[PDB]
Amino acid sequence: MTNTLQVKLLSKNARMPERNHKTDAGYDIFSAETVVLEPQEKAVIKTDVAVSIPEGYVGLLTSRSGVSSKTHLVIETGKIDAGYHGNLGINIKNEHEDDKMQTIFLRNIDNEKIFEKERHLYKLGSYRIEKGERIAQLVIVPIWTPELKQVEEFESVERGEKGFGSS
Amino acid sequence: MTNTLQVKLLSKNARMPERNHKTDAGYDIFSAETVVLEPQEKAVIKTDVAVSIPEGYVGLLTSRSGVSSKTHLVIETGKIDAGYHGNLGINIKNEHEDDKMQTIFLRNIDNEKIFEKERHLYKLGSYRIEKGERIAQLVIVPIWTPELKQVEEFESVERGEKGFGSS
Amino acid sequence: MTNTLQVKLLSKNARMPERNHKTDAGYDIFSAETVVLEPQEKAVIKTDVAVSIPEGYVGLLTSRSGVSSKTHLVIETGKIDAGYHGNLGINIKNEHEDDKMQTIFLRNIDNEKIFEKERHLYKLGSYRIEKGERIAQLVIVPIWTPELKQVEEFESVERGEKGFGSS
Ligand SMILES: O=c1ccn([C@H]2C[C@H](O)[C@@H](COP(=O)(O)NP(=O)(O)OP(=O)(O)O)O2)c(=O)[nH]1
Ligand SMILES: O=c1ccn([C@H]2C[C@H](O)[C@@H](COP(=O)(O)NP(=O)(O)OP(=O)(O)O)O2)c(=O)[nH]1
Ligand SMILES: O=c1ccn([C@H]2C[C@H](O)[C@@H](COP(=O)(O)NP(=O)(O)OP(=O)(O)O)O2)c(=O)[nH]1
Ligand SMILES: [Mg+2]
Ligand SMILES: [Mg+2]
Ligand SMILES: [Mg+2]
Ligand SMILES: [Mg+2]
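Residue numbers (the entry's author numbering), protein chains in the order written: chain A, 1 to 157, 159 to 168; chain A', 1 to 157, 159 to 168; chain A'', 1 to 157, 159 to 168. A prime marks a further copy of an entry chain.
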């Protein structure tokens, strides 16, 4: 049949993607690892989840408005090709500045201070993404993949070359 | 009928979205508030506009090439679910560095200095987004929302696990 | 016929976009110029390539997971309107911090040090994008462009106003 997406859990640490509502457009993706990201630090957070997006579609592995509005964790949107059967990685950076100051509080993905019994010194603006937290979503859209034809001029001429804030 | 989108203006400060051309793919969104963003400062700029995206679609509340190329104002693309009837917020950050230096000129969304009769000291790289300025656009695309089926291996095996700059 | 996209090479420095696989969702875009980007520096890298996206579609000129995961080069996704026949520009920023330190090594788009016989002093975190390197991709998706109808309340009431990390 159609209207079905294959998903493969690559470890015990993985979790099956879930739609929040029937109305909602994507599936929440869970982190399969606990990671501390210092200011300006980049990482590819593993999900231990693979999918088989069929042809004529592309998967947008993208941020959640809750995480992106509350924290300086920035997720560059991954375009999951209709073929990539590997481990989905979340391309992330802590875009907080490295101002050289210290603190004893990490911050969670809701920007709340993490209280812990054992005291540790962290760089200010550091985040902990915990195993099993919702940090991304996958929205699947159809694509158009025609063959390209080189030309010296186009088929028809109103917008033209105007762009980059021309109105 | 179909081919119609409901829009609700939540205040006098709101404005109806507009297509720039017939050719263009999205609707320009207007700020309903005047906001100053210092370097590294994050905000959710209200539009006082709500919409009812019908099911099988998602709305991409996204940047304009003019604003994003000229300024360090970065808009994280919001995915407006086919259901969210609330106030559309523009998830924004001033990604200019906080170098500790001062100036008397704010900068507008075209990166032009704002001249004002009364002198004030601002942090360098600060922006003023004025009420009624075009700061974002909404592009609506169809989505594919199938039911997920867990598997141990996929239906067919060429790309495979290769990614993250493998070619 | 349909299922064809017109492309126009605006100079000798341009190159025709290419699909990596048959499975893949987009066309790799090549830089038509050699550019050095210092920390925090913004640019619009020219491709010397134009396209005619037909109506009912939009082109996402977007990052590659290889470049974005390995370097601090951030590409803001351009929405190419179904009409824009101009030179496609890659809206890019070097999001590496300006920590005031120096080095003799530029970095390429794989984050590898560039060894050169003549010694030069660069700012730390500077990148060289060379003419003919793959720095972006174009994914084309269909759009929905209805006429807007203003209302005081919506046609039907479960999600409602809930958002920005409400679950
Ligand atoms: O965030 C991401 C982005 C991409 N990917 C995977 C999916 C995609 O099929 C694959 C390659 O994506 P891109 O074509 O955008 N990156 P690049 O062109 O550099 O790699 P390749 O040379 O393999 O195409 O990497 C992720 O798992 N997470
Ligand atoms: O920039 C934005 C992003 C999202 N939104 C709204 C639209 C969407 O329906 C809602 C939730 O979007 P996400 O699912 O991407 N964020 P999150 O998953 O954190 O919130 P929720 O738990 O409500 O799904 O927030 C905005 O108004 N502006
Ligand atoms: O990265 C980009 C982004 C946009 N563009 C072009 C394509 C698009 O048709 C045109 C305008 O895009 P936007 O509507 O998103 N920018 P803006 O609304 O500021 O400019 P205009 O006033 O011309 O619509 O600029 C690029 O070439 N590269
Ligand atoms: Mg959600
Ligand atoms: Mg526009
Ligand atoms: Mg920054
Ligand atoms: Mg590719």
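C-beta atoms are modelled at their ideal positions from N, C-alpha and C, and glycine is treated no differently.
Is residue i near ligand 7 - that is, is its Cβ less than 6 Å away from at least one heavy atom of it?
i      : result
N13(A) : no
Kindly say whether residue i, judged by its beta-carbon, lies nearer than 7 Å to any beta-carbon of chain A''.
i        : result
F115(A)  : no
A82(A)   : yes
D98(A')  : no
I143(A') : no
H72(A)   : no
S52(A')  : yes
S31(A')  : no
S156(A') : no
Give a single yes or no on whether residue i has its beta carbon closer than 6 Å to a heavy atom of ligand 1.
i         : result
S65(A'')  : yes
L61(A'')  : no
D28(A)    : no
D81(A)    : yes
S167(A'') : no
At a cut-off of 6 Å, would you count residue i as near ligand 4, judging by its Cβ distance to the nearest heavy atom?
i       : result
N91(A') : no
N20(A)  : yes
Evaluate residue i with the Cβ neighbour count: other Cβ atoms within 10 Å of its Cβ, from every protein chain shown; 16 or more gives buried, anything less gives exposed.
i              : result
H120(A)        : exposed
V157(A'')      : exposed
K70(A')        : buried
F115(A)        : exposed
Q6(A'')        : buried
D110(A)        : exposed
residue 169(A) : Since the first residue shown for chain A is 1 and the last is 168, residue 169(A) is missing from the structure and cannot be characterised.
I135(A)        : buried
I75(A)         : buried
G78(A')        : buried
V151(A')       : exposed
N91(A'')       : buried
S168(A')       : exposed
Give a yes or no on whether the minimum CB-CB distance between residue i and chain A is below 7 Å.
i         : result
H120(A'') : no
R134(A'') : no
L106(A'') : no
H85(A')   : no
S126(A'') : no
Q40(A'')  : no
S11(A'')  : no
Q6(A'')   : yes
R160(A'') : yes
Under 6 Å from any heavy atom of ligand 6, does the C-beta of residue i make it?
i      : result
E76(A) : no
Taking the straight line between their C-alpha atoms, what separation do you get for residue i and residue j?
i              : j         : result
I129(A)        : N108(A)   : 7 Å
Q137(A)        : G164(A')  : 19 Å
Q40(A'')       : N94(A'')  : 5 Å
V141(A'')      : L60(A')   : 12 Å
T47(A)         : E112(A')  : 44 Å
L148(A')       : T103(A')  : 55 Å
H21(A)         : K12(A')   : 32 Å
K131(A)        : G83(A'')  : 45 Å
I29(A)         : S63(A)    : 10 Å
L88(A')        : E118(A'') : 54 Å
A50(A'')       : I143(A'') : 20 Å
residue 174(A) : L124(A')  : In this structure chain A extends from 1 to 168, so residue 174(A) is not present and cannot be described.
Give me whichever residues DSSP pairs with residue i in a beta bridge.
i        : result
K113(A') : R107(A')
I80(A'') : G59(A'')
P142(A)  : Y57(A)
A43(A)   : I92(A)
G161(A') : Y84(A)
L37(A'') : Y127(A'')
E18(A)   : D28(A)
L73(A')  : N94(A')
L5(A'')  : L148(A)
For chain A', is any of its Cβ atoms less than 7 Å away from the one on residue i?
i         : result
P146(A'') : yes
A25(A)    : yes
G166(A'') : no
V139(A)   : yes
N111(A)   : no
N3(A'')   : no
For ligand 2, is there any heavy atom lying closer than 6 Å to the beta carbon of residue i?
i         : result
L121(A'') : no
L10(A')   : no
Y84(A')   : yes
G161(A'') : no
Following a CB-centred definition, is residue i positioned closer than 6 Å to any heavy atom of ligand 3?
i         : result
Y127(A')  : no
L138(A'') : no
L88(A'')  : yes
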